[PDB]
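The chain below stands alone and is given in structure tokens; this is the form deposited without the ligand.
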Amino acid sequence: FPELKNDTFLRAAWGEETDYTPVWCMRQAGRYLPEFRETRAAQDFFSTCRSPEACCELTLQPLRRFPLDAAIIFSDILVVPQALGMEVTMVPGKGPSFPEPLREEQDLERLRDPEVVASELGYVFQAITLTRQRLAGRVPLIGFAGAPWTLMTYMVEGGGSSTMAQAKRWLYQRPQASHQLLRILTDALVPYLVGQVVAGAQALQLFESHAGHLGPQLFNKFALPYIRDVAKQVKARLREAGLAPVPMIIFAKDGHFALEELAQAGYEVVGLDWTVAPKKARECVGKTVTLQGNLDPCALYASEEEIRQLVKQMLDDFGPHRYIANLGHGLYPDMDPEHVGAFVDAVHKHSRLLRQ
């Protein structure tokens, strides 16, 4: 692969000093971009995901508009439960649906052996090698997947949910089947993430979006240990293959009560939502791990000058070391690309003016 030219994002992730604060945005390839809607208008969502040229193109689009310090491959966390044998739809701009969710223990029998999952996900590895080639070393490429508990919520709920009532009902009423499913998910994730790195990914982010529904005790029993197992096994498999490990990011949306444990879970970087004050987050995580985040993405509805001021405040509270700027959640379809450009321009100009 081409030699990496701008490794600021990787340096920050590892905890090293940098000349400026690197920045990227969750869903930087997303519907807020007209050209993203245009290229996606070509096929359906999961068929977009299976075309290496199409994922490559969607990954590069934001980089053409903005000097972001990283690319993240275009894909979906739901490719893993699909590759396990579940049928999925993106029903007419309504979001993800599993028409036949897991509802009882016997439903586990329909899933593939998790060791066959990576071979079902070859199309993502193809998209990753292609993108890493076409990026030609401009910035590092991030790979990703959903964390075990978060994927389990989709598989049992059949899509999004404001309560996760069914999924938490499994934890309380079927804790054994729950552990069995979480382990199937971990055992599928580890070889998929290792494959992403073999295909060319330079950093991995694990997305635990539905953590906040758990309190501390459920989260300690049912999410954290799988989260720890993912990073331990991925790093061990990469070493065994003779490959450099890459930095790993754990993003736990609404996960204020888990931050201290997450800082010990084997991840270089802890990604935060906008609900934790950056100074309190630093306190919970100590000064080993790098922090990523955490601007409310709705702030980008404010005027450019207001965005600049919000970025200045956020940067001042995180401080310059062991920090990667990002939003606290994905960009929304209605957001103005010019305001995304302002956020990116503001992080760069303020972090430098903060150094120089």
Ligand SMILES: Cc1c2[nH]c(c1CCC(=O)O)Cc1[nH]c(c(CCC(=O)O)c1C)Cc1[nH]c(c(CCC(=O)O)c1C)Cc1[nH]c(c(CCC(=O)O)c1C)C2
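Start at 1 and count along the sequence shown; that's the residue number.
Missing here is the form solved in complex with the ligand; even so, the following discussion is about that form.
The pocket of the unliganded chain is judged open, since the ligand, transferred from its pose in the bound PDB entry by superposition of the C-alphas around the site, places no atom within 2.4 angstroms of any backbone or C-beta atom. The single contact residue among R31, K287, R65, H321, judged by any heavy atom lying within 4.5 Å of the ligand in the bound PDB entry, is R31. Put simply, of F219, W170, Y226, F251 only one has a heavy atom within 4.5 Å of the ligand in the bound PDB entry, and it is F251.
Within 4.5 Å of the ligand in the bound PDB entry, a heavy atom is found for every one of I77, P96 and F144. Within 4.5 Å of any heavy atom of the ligand in the bound PDB entry lies no heavy atom of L111. Using a 4.5 angstroms limit between non-hydrogen atoms, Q202 is distant from the ligand in the bound PDB entry.
Taking non-hydrogen atoms only, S209 approaches the ligand to within 4.5 angstroms in the bound PDB entry. Using a 4.5 angstroms limit between non-hydrogen atoms, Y154 touches the ligand in the bound PDB entry. With the partner left out here, the ligand still marks one of 88-96, 240-248, 129-137, 112-120 in the bound PDB entry; by a 4.5 Å heavy atom cut-off that stretch is 88-96. Along 30-45, these residues reach a heavy atom to within 4.5 Å of the ligand in the bound PDB entry: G30, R31, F36, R40, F45.
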